[PDB]
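Visitor: My sequence and its experimental structure, below.
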Amino acid sequence: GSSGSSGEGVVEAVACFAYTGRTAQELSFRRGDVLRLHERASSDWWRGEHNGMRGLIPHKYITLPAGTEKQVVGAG
């Protein structure tokens, strides 16, 4: 298995802490505010769209749901 479909994907992450986008590119949200992670943006950043807003998302201020992206073969 592990085929995956590169087309329609969305990961819901929770804001571990209140963040404030420095520029239009970055986004803002208060701890607890969920954000849709369109697709990886950088080593420590992502791409999502807030309420009427669109920009990047901090991977440090956000905690991915059970099953983070590791892509590391192995089981048991």
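Guide: Perfect, thanks for sending it. Numbers count the residues shown, from 1 in each chain.

Visitor: Identify the single longest strand in this structure, thanks.
Guide: strand 34-42 (DSSP state E).

Visitor: Adjacent strands (with direction) for the helix or strand just after it?
Guide: Next helix or strand after strand 34-42 toward the C-terminus (DSSP states H and E): strand 45-50. Neighbouring strands of strand 45-50 in its sheet, by DSSP bridges, are strand 34-42 (antiparallel), strand 53-58 (antiparallel).

Visitor: Just give the nearest non-adjacent residue to residue 27, would you?
Guide: Of all residues beyond its chain neighbours, the one nearest residue 27 is residue 55 (4.0 Å), with distances taken as C-beta to C-beta, 6 or more residues apart in numbering. For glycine as for every other residue, the C-beta is placed from the backbone atoms N, C-alpha and C.

Visitor: Please apply the same query to residue 62.
Guide: residue 13 (4.2 Å).

Visitor: tell me which element that neighbour is part of?
Guide: With DSSP H and E as the test, residue 13 turns up in strand 11-15.

Visitor: if we can go back for a sec, hmm, residue 65 and the residue nearest to residue 62 touching each other?
Guide: Yes - using C-beta atoms under 8 Å, residue 13 makes contact with residue 65 at a distance of 6.9 Å.

Visitor: who's more crowded, these two?
Guide: residue 13 (21 against 11; other C-beta atoms under 10 Å).

Visitor: OK, contacts around that one?
Guide: Shown in contact with residue 13 (C-beta atoms under 8 Å, 6 or more residues apart in numbering): 34-35, 37, 46, 48, 57, 62-65.

Visitor: I'd like to know how far residue 62 sits from residue 74.
Guide: Using C-beta to C-beta, to the nearest Å, one gets 26 Å for the distance from residue 62 to residue 74.

Visitor: correction: residue 25
Guide: Residue 25 is 36 Å from residue 74, by C-beta to C-beta.

Visitor: Tell me which of these two has more neighbours.
Guide: More crowded of residue 25 and residue 74, by other C-beta under 10 Å: residue 25, with 11 against 5.

Visitor: partner residues bridging the closest residue to the more buried one other than its chain neighbours?
Guide: Counting by C-beta to C-beta, 6+ apart, residue 25 lies nearest to residue 55, which is 5.3 Å off, once chain neighbours are set aside. On the basis of DSSP bridges, residue 55 is bridged to residue 48.
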